[PDB]
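Engineer: Going down the list, the protein sequences come from chains 5E, 2I, 11, 9I and 6I.
Take the first sequence: its position 91, counted from the start at 1, is 91 in PDB author numbering, and no numbers get skipped.
If you count the second sequence from 1, you need to add 10 to reach PDB author numbering.
If you count the third sequence from 1, you need to add 1 to reach PDB author numbering.
If you count the fourth sequence from 1, you need to add 16 to reach PDB author numbering.
If you count the fifth sequence from 1, you need to add 1 to reach PDB author numbering.
We put the beta carbon where it would ideally sit given N, CA and C, even for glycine.
Before we start, here is the structure in question, set down as structure tokens.
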Amino acid sequence: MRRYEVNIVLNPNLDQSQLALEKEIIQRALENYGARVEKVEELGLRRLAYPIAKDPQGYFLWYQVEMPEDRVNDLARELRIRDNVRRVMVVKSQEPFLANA
Amino acid sequence: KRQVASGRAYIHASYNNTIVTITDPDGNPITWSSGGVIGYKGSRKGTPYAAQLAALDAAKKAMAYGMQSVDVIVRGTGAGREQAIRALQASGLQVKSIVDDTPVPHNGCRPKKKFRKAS
Amino acid sequence: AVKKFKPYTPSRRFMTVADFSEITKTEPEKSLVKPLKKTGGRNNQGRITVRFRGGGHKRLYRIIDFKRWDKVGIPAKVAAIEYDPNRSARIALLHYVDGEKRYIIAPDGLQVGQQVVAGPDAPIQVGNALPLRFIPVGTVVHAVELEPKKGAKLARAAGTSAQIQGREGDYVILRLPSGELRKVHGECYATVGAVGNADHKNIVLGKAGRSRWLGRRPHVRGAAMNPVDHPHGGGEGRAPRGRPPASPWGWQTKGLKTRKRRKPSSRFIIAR
Amino acid sequence: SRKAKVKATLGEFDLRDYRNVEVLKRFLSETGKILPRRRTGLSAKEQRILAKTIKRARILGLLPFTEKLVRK
Amino acid sequence: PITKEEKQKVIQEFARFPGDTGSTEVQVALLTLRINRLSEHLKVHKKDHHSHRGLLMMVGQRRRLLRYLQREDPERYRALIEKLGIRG
RNA sequence: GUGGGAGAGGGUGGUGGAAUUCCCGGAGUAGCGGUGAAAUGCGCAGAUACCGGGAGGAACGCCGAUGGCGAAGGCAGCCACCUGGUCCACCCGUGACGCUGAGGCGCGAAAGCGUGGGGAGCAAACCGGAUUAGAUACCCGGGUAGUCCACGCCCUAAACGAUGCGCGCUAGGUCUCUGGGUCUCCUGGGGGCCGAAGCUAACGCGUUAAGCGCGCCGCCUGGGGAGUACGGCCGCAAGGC
Ligand SMILES: [Mg+2]
Ligand SMILES: [Mg+2]
Ligand SMILES: [Mg+2]
Ligand SMILES: [Mg+2]
Ligand SMILES: [Mg+2]
Ligand SMILES: [Mg+2]
Ligand SMILES: [Mg+2]
Ligand SMILES: [Mg+2]
Ligand SMILES: [Mg+2]
Ligand SMILES: [Mg+2]
Ligand SMILES: [Mg+2]
Ligand SMILES: [Mg+2]
Ligand SMILES: [Mg+2]
Ligand SMILES: [Mg+2]
Ligand SMILES: [Mg+2]
Ligand SMILES: [Mg+2]
Ligand SMILES: [Mg+2]
Ligand SMILES: [Mg+2]
Ligand SMILES: [Mg+2]
Ligand SMILES: [Mg+2]
Ligand SMILES: [Mg+2]
Ligand SMILES: [Mg+2]
Ligand SMILES: [Mg+2]
Ligand SMILES: [Mg+2]
Ligand SMILES: [Mg+2]
Ligand SMILES: [Mg+2]
Ligand SMILES: [Mg+2]
Ligand SMILES: [Mg+2]
Ligand SMILES: [Mg+2]
Ligand SMILES: [Mg+2]
Ligand SMILES: [Mg+2]
Ligand SMILES: [Mg+2]
Ligand SMILES: [Mg+2]
Ligand SMILES: [Mg+2]
Ligand SMILES: [Mg+2]
Ligand SMILES: [Mg+2]
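If you want it as structure tokens, here you go:
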């Protein structure tokens, strides 16, 4: 088991009950691959440096999990089956690195 | 079809010629000119002077459709570059800022042998 | 794949046999079998309408399921992967939880013991049939219907597949195994995956007789006939074509495009 | 040429953290390129970590790949 | 990758006495451990030639060890072999 | 062993943006391209320039370095999985378990080869336009293998630091990468410049030796003939030893 941070970007135009729609499937999957959530930050709408998918904005989620390392790749494969999931970025959790310190 | 006050002005500036297309705000060309439309053929099209006439003539056709202002986007290194910008500023056409939109591959297609050179 | 042979005869040096290790069915087939009337290339008049056919092994026809939209929602275990003599591909046996058995044409990667299902539901997974409209753009798929409810038509040959390139209204754009680009209706079923047994195309027949087993009788060049018989028939030795190359019925056989111009299907085609 | 050192300007910060634009936004040029070590004032080891982070950041859409050049 | 306990396991098991950290017998086993792992990694990734280079060094280190041991105590050599499943 | 590091080190799977090309839609007109200057070419069948959509392949801008890793060939977007080497600190374990290495085995840029695939940009061959006495070239317009992937071959190279590997010994100065410390300083493993002694035909090298020594391997013995012939071994061939 290992600590990853799962960044996921969603269609902005989704209404809130649809956002929760896409967000459940996310969560069964997480629970299905064995991802045990720890933190979470749902930062919602955000403004993009470039369009993802013809869209100046995208709806952000970030999870932090402990899941068996070998199932992470399929996790993200499955997470990404979209259509409304426009990004998945799954990173290994790291001990922060500080400047001016 | 339509006549517009505000607009946009494009400079394609290459070594062999300089060409200026002026658009509507939405980007569709109103009218255009180049080193050749001025009446040059050949290498003299690449020159800085002909680029001047080019841009003046571009604007003169646009101002006849009632162009007033433009946003002037330039692309590419060439001796036609600045004299084209210069020519637009004091021509007619209050020019609102300026940009360099010149295309720069993030290391794309292998270039022609002519531009490969040092590796 | 692809069994080779030491040259202990000529033609054993070049012969190449399919790999059967994917196959779990030994000989017998499930009595979804039915008998095949071999034509000899002859039509209902006794007349050969397709030349150089006939001979070749007796075959039982395995009846196979080209509409998956009966069993919508009912899943099935993949029971066996079997050999079917009527197609390049392999059939997979399905035991439905219904208790019903069907043959599916067996996709690449599909394992014995998998669960399969078909319907607007269903995961996007190898074996699963869905209306095309619900298959995510980009997934490669086989066994497509051309019009809805009419049965799978496209990408059924071993190793073939198709790709979903886009949506437009009630249609999706597919790239067919031909490379043609075709609008198909969204409602049409398709089943995700490539067909597989894709090593099929590398078999080397190897000797004359092996073509004879597949019911292909010897094929004779127009060049070798007389002119009664063929546009190339004639003239002393050998001899070149002497004219633009022709079929026996006399139409041109290099380049002449034969698809009917005004076909209604042309509104829905975009390519080669 | 004088300007600033651009590391100087802000306090302790995590150069590992790829989600905060307003820190990282300051390390990009007027056209959006990762700023050379000289005017970031970072270390050797530190500039790599910064960079790699910035790369990630752009993939997530938070940081640009390129802006244009204005008012020449 | 072989985890701390996973090797500790192997350390404890092959240790010639309480707290043996790397005597000859522990080393061979410890090697044999990561050898066998790599050897399976290559089975899959056959194109990874750089890692195969290491395997060679591993295999070789373990061999020199085992030869020393077979010269000094030929008995606890033959017994280390069959425990680990090696020369036959 | 234990605890810690840095890294374009290798394999597999994913994934992002810029650009090029082609297509579709739009707007829009008389040229564009290209060069020393042109011409071929492209363009009123609507080109170039401009914007919107789409398809597809390749390579990863800034960071980036006089940088890092690898035995070498080599290795550069980002993500994960598997995985090699390596260094530091602690001073815990084994007790010389070492060096080197004919054969053997494995790896080995590019090009090349086989079977599939893939093909945007590039581009041997080839065509055309210029140039020239000629131009089977140099410049320009086209352009097929190839470049890309998988599997399997080929085994070469200015494969270079033209500098075999291990060890001990012989001033310093300065820059830099990366560990550890009583973090100005000291200490360890790399990467560069200048240099003591010494070496060297000189040029130069010089704690990263080409110095002073020991071990063991490879190689040299005038130039051409020739890395050719013959033979042998290997390769599908080219061809290699
Ligand atoms: Mg010109
Ligand atoms: Mg009859
Ligand atoms: Mg018979
Ligand atoms: Mg024949
Ligand atoms: Mg005859
Ligand atoms: Mg007759
Ligand atoms: Mg006739
Ligand atoms: Mg004839
Ligand atoms: Mg006769
Ligand atoms: Mg004759
Ligand atoms: Mg004849
Ligand atoms: Mg066709
Ligand atoms: Mg690494
Ligand atoms: Mg690593
Ligand atoms: Mg058009
Ligand atoms: Mg490692
Ligand atoms: Mg001790
Ligand atoms: Mg002792
Ligand atoms: Mg090679
Ligand atoms: Mg190659
Ligand atoms: Mg050839
Ligand atoms: Mg090839
Ligand atoms: Mg080919
Ligand atoms: Mg092509
Ligand atoms: Mg010529
Ligand atoms: Mg001539
Ligand atoms: Mg050329
Ligand atoms: Mg070309
Ligand atoms: Mg050799
Ligand atoms: Mg040599
Ligand atoms: Mg040093
Ligand atoms: Mg001296
Ligand atoms: Mg002689
Ligand atoms: Mg030779
Ligand atoms: Mg010979
Ligand atoms: Mg040699």
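Alpha carbon to alpha carbon, how far is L81 (chain 6I) from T33 (chain 6I)?
Structural biologist: Numbered from its first residue, the fifth sequence carries residue 81 (chain 6I) at position 80. Numbered from its first residue, the fifth sequence carries residue 33 (chain 6I) at position 32. For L81 (chain 6I) and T33 (chain 6I), the distance between alpha carbons rounds to 11 Å.
Engineer: To the nearest angstrom, how far is the alpha carbon of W252 (chain 11) from that of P228 (chain 11)?
Structural biologist: One-based indexing of the third sequence puts residue 252 (chain 11) at position 251. One-based indexing of the third sequence puts residue 228 (chain 11) at position 227. Going by the C-alpha atoms only, they are around 15 Å apart.
Engineer: Taking the alpha-carbon of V117 (chain 11) as reference, which of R218 (chain 11), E188 (chain 11) and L95 (chain 11) has the nearest alpha-carbon?
Structural biologist: For this step, residue 117 (chain 11) is matched to residue 116 along the third sequence. With distances taken between Cα atoms, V117 (chain 11) lies closest to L95 (chain 11).
Engineer: Is DSSP giving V72 (chain 5E) helix, strand or coil here?
Structural biologist: Counted from its first residue, the first sequence places residue 72 (chain 5E) at position 72. Three-state result, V72 (chain 5E): helix.
Engineer: Going by the CB atoms, is the gap between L26 (chain 9I) and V39 (chain 9I) shorter than 8 Å?
Structural biologist: As a first step, residue 39 (chain 9I) is located in the fourth sequence; it is residue number 23 there, counting from the start. As a first step, residue 26 (chain 9I) is located in the fourth sequence; it is residue number 10 there, counting from the start. Yes, Cβ-Cβ distance for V39 (chain 9I) and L26 (chain 9I) is below 8 Å.
Engineer: Go to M59 (chain 6I), then tell me how far its beta strand (DSSP E) extends in each direction, as first and last residue.
Structural biologist: Along the fifth sequence, one-based indexing puts residue 59 (chain 6I) at 58. Note, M59 (chain 6I): premise wrong, no beta strand (DSSP E); alpha helix (DSSP H) at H50 to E73.
Engineer: So, is the C-beta of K71 (chain 9I) closer than 8 Å to a C-beta in chain 5E?
Structural biologist: Position 55 of the fourth sequence holds residue 71 (chain 9I). Chain 5E contact via Cβ: absent.
Engineer: Which stretch, first to last residue, makes up the alpha helix (DSSP H) that contains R74 (chain 9I)?
Structural biologist: Working through the fourth sequence from its first residue, we reach residue 74 (chain 9I) at position 58. From DSSP, the alpha helix (DSSP H) with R74 (chain 9I) extends over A60 to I75.
Engineer: Would DSSP call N203 (chain 11) helix, strand or coil?
Structural biologist: The residue given as residue 203 (chain 11) occupies position 202 in the third sequence. Correct three-state label for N203 (chain 11): helix.
Engineer: Can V40 (chain 5E) and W62 (chain 5E) be called in contact, C-beta distance under 8 Å?
Structural biologist: In the first sequence, counting from the first residue as 1, residue 40 (chain 5E) sits at position 40. In the first sequence, counting from the first residue as 1, residue 62 (chain 5E) sits at position 62. Yes, they are a contact pair.
Engineer: Pick out the complete alpha helix (DSSP H) segments inside the region 166-230 of chain 11, 4 residues or longer, and give them in chain order.
Structural biologist: Those alpha helix (DSSP H) runs which fall completely within the region 166-230 of chain 11 and span 4+ residues are 209-214.
Engineer: Taking only the alpha-carbon atoms, compute the straight-line gap between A2 (chain 11) and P132 (chain 11) and give it to the nearest angstrom.
Structural biologist: Stepping through the third sequence from its first residue, residue 2 (chain 11) is reached at position 1. Stepping through the third sequence from its first residue, residue 132 (chain 11) is reached at position 131. The straight-line gap from Cα to Cα measures roughly 33 Å.
Engineer: Do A74 (chain 2I) and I48 (chain 2I) come within 8 Å of each other at the CB atom, strictly closer than that value?
Structural biologist: By one-based count along the second sequence, residue 48 (chain 2I) stands at place 38. By one-based count along the second sequence, residue 74 (chain 2I) stands at place 64. Their beta carbons are not under 8 Å apart, which means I48 (chain 2I) does not touch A74 (chain 2I) by this criterion.
Engineer: Mind checking if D81 (chain 2I) is an interface residue toward chain 9I, Cβ cutoff 8 Å exclusive?
Structural biologist: On the second sequence, position 71 is the one that residue 81 (chain 2I) refers to. By this cut-off, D81 (chain 2I) is not an interface position.
Engineer: At 7 Å on the CB atoms, spell out the chain 9I contacts of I52 (chain 5E), in chain order.
Structural biologist: Taking the first sequence and counting its residues from 1, one reaches residue 52 (chain 5E) at position 52. Within chain 9I, the residues near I52 (chain 5E) are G77.
Engineer: Please enumerate, following chain order, all residues with a beta carbon closer than 7 Å to at least one heavy atom belonging to ligand 10.
Structural biologist: Cβ atoms closer than 7 Å to ligand 10 belong to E237 (chain 11), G238 (chain 11), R239 (chain 11) and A240 (chain 11).
Engineer: Looking only at its own chain, which residues have a Cβ that is under 7 Å from the Cβ of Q99 (chain 2I), when we skip the five neighbours before and after it?
Structural biologist: On the second sequence, residue 99 (chain 2I) is found 89 positions in, with the first residue counted as 1. The answer, listed in chain order, is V105.
Engineer: Quick check: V145 (chain 11) and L155 (chain 11), are their CB atoms within less than 8 Å of each other?
Structural biologist: Walking along the third sequence from the start, residue 145 (chain 11) turns up at place 144. Walking along the third sequence from the start, residue 155 (chain 11) turns up at place 154. A contact, by the Cβ cut-off of 8 Å.
Engineer: Just to confirm, are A90 (chain 11) and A159 (chain 11) a CB contact at a threshold of 8 Å?
Structural biologist: Position 89 of the third sequence holds residue 90 (chain 11). Position 158 of the third sequence holds residue 159 (chain 11). Contact flag set, yes.
Engineer: Start and end of the alpha helix (DSSP H) containing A20 (chain 5E)?
Structural biologist: Within the first sequence, residue 20 (chain 5E) is the residue found at index 20, counting from 1. Unbroken alpha helix (DSSP H) run through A20 (chain 5E): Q16 to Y33.
Engineer: Looking only at C-alpha atoms, which of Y25 (chain 2I), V84 (chain 2I) and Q78 (chain 2I) sits nearest to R54 (chain 2I)?
Structural biologist: Taking the second sequence and counting its residues from 1, the one referred to as residue 54 (chain 2I) is at position 44. Minimum Cα distance to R54 (chain 2I) is reached at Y25 (chain 2I).
Engineer: Indicate whether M77 (chain 2I) and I40 (chain 2I) have their beta-carbon atoms separated by less than 8 Å.
Structural biologist: Here the question's residue 77 (chain 2I) lines up with position 67 in the second sequence. Here the question's residue 40 (chain 2I) lines up with position 30 in the second sequence. Their beta carbons are under 8 Å apart, which means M77 (chain 2I) touches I40 (chain 2I) by this criterion.
Engineer: Mind checking who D110 (chain 2I) pairs with in its DSSP beta bridge?
Structural biologist: As a position in the second sequence, residue 110 (chain 2I) is number 100, starting the count at 1. Bridge partners of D110 (chain 2I): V84 (chain 2I) and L85 (chain 9I).
Engineer: Measure the CB-CB distance between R273 (chain 11) and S162 (chain 11) and report whether it falls below 8 Å.
Structural biologist: Walking along the third sequence from the start, residue 273 (chain 11) turns up at place 272. Walking along the third sequence from the start, residue 162 (chain 11) turns up at place 161. In this structure, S162 (chain 11) does not lie closer than 8 Å to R273 (chain 11) by Cβ.
Engineer: Could you check whether the Cβ of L31 (chain 9I) sits closer than 8 Å to any Cβ belonging to chain 5E?
Structural biologist: Translated into positions along the fourth sequence, residue 31 (chain 9I) becomes position 15. So, interface residue.
Engineer: So, helix, strand or coil for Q13 (chain 2I), using DSSP?
Structural biologist: For this step, residue 13 (chain 2I) is matched to residue 3 along the second sequence. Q13 (chain 2I) falls in the coil class under three-state DSSP.
Engineer: I want to see whether chain 2I comes within less than 8 Å of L44 (chain 9I), judged by CB atoms only; does it?
Structural biologist: As a working mapping, residue 44 (chain 9I) is identified with position 28 in the fourth sequence. Judged by the 8 Å Cβ criterion, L44 (chain 9I) is not in contact with chain 2I.
Engineer: Closer than 7 Å to a non-hydrogen atom of ligand 11 - does that hold for the CB of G167 (chain 11)?
Structural biologist: Translated into the one-based positions of the third sequence, residue 167 (chain 11) becomes position 166. Every heavy atom of ligand 11 is 7 Å or more from the Cβ of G167 (chain 11), so no.
Engineer: On the CB-based measure, 16 or more other CB atoms within 10 Å of its CB, does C119 (chain 2I) come out buried or exposed?
Structural biologist: Numbered from 1 along the second sequence, position 109 holds the residue referred to as residue 119 (chain 2I). With fewer than 16 other Cβ atoms within 10 Å, it is exposed.
Engineer: Closest to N100 (chain 5E) by C-alpha separation, out of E28 (chain 9I), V22 (chain 9I) and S17 (chain 9I), would be which residue?
Structural biologist: Translated into positions along the first sequence, residue 100 (chain 5E) becomes position 100. Of the listed residues, the one whose Cα sits closest to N100 (chain 5E) is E28 (chain 9I).
Engineer: Hey, is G58 (chain 5E)'s beta-carbon within less than 8 Å of any beta-carbon in chain 9I?
Structural biologist: Working through the first sequence from its first residue, we reach residue 58 (chain 5E) at position 58. Judged by the 8 Å Cβ criterion, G58 (chain 5E) is in contact with chain 9I.
Engineer: Is any heavy atom in ligand 5 found nearer than 7 Å to the beta carbon of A225 (chain 11)?
Structural biologist: Stepping through the third sequence from its first residue, residue 225 (chain 11) is reached at position 224. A225 (chain 11): yes, Cβ under 7 Å from ligand 5.
Engineer: Comparing C-alpha positions only, which one of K184 (chain 11), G235 (chain 11) and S248 (chain 11) sits nearest to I271 (chain 11)?
Structural biologist: For this step, residue 271 (chain 11) is matched to residue 270 along the third sequence. Selected option, being the one with the closest Cα: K184 (chain 11).
Engineer: Could you list which residues in chain 5E have their beta carbon closer than 8 Å to that of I65 (chain 9I), in chain order?
Structural biologist: Taking the first residue of the fourth sequence as position 1, residue 65 (chain 9I) is located at position 49. In chain order: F97.
Engineer: Does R74 (chain 9I) have its Cβ less than 8 Å from a Cβ in chain 5E?
Structural biologist: Mapped onto the fourth sequence, residue 74 (chain 9I) falls at position 58. Yes, contact with chain 5E.
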